[PDB]
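Okay, so here's just one chain, in structure tokens, the form deposited in one PDB entry.
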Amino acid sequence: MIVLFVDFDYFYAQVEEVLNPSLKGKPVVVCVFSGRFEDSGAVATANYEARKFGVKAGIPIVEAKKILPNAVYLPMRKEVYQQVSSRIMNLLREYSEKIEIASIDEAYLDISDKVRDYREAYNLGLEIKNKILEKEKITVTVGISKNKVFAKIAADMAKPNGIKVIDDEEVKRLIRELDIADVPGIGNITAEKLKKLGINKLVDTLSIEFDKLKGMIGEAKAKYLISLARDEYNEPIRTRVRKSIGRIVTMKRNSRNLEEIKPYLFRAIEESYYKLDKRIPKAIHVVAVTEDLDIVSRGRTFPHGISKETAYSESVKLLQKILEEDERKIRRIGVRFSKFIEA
């Protein structure tokens, strides 16, 4: 069983350059604006030409312009990218029936019984990595191994515009050299904890006791990690499925007064139902972002589907349920639906 991981080199900012040729040869920064502060918002992405100086996705636009002020800041357009991605996913779909799309710029391929060895697999990464670069003019990084996790790591190492292959003899090697947070699934927090205790490489975990690991990161986190070092990871490539389609916005405000939030919720509660397709959610939650970070949420599950209007109503009771439980103003407010109806 050998996997083929695909990762769009560096998506957004890249597509933005593909459409506007007068961009390349410059540090581009695709980000999200809110309409406030003046330059309020965060960074969604940036080309490698812009990363060099630190402008990494997720930071305040005000900071970005603190390091790379001359760079090229372009507004985010999830609509434009969505379509591109939607196209690339379809190609890969012809190379292997068993496909699994993770995010908007990722996809796992299973070639187990359509490839003889890592030799003709690396040749396939190319045959693919190319059909892509010129049919959509998008560069991508490919990863290959015996499973999804290692396949995804080989792609991390080889980026950008590359491809790598983590063979078995190499795997055992990585399980020793591969370290800290460079592990898919383990976030900064879990890392700033493990490190403090000496655990650096994915192996250091084996010199512990499953329980002493659980008491600090969790049974899932641990079991997962120990499943890697032990080298017995399973997880197959199955078709993905939308579980929770939601939408959130941002108030130029920072309010607490219902009619100073109702229009907002209503707004989001509109866009979400457009993505719901022909789905019927039995569950709905109102996510609310405050000011001093920390998000708050209140939701409810129904024994039947939901109609837009049905949503509007509960939205309020769920919002009041929030306010009366916190003494801080709100900045962004949103809603998320789930538990769609089966077959």
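C-alpha atoms forming the largest set that superposes within 1.5 Å between two forms make up the rigid core. Numbers for residues come from their place in the sequence shown, where the first is 1.
- 75-83 and 253-261 differ in mean CA B-factor, and the higher of the two is recorded for 253-261.
- The PDB entry records a higher mean C-alpha B factor for 115-123 than for its counterpart among 115-123 and 242-250.
- In the deposited coordinates, the residue among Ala151, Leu178, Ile226, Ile138 with the greatest CA B-factor is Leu178.
- Per the PDB entry, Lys195 shows the highest C-alpha temperature factor of the residues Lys164, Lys195, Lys146, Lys129.
- Among all modelled residues in this chain, the alpha-carbon of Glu38 has a temperature factor (C-alpha) in the highest third.
- Per-chain ranking of the deposited C-alpha B factor places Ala158 in the middle third.
- The deposited CA B-factor of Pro236 belongs to the highest third of values across its chain.
- Among the modelled residues of its chain, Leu323 has a C-alpha B-factor that falls in the highest third according to the deposited record.
- When the modelled residues of the chain are ordered by their C-alpha B factor, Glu63 lands in the middle third.
FYI, the form deposited in another entry isn't displayed, but the following is about it.
- For the residues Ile132, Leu213, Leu228, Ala71, superposed on the rigid core between the shown form and the other one, a C-alpha shift of 2 angstroms or more shows up only at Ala71.
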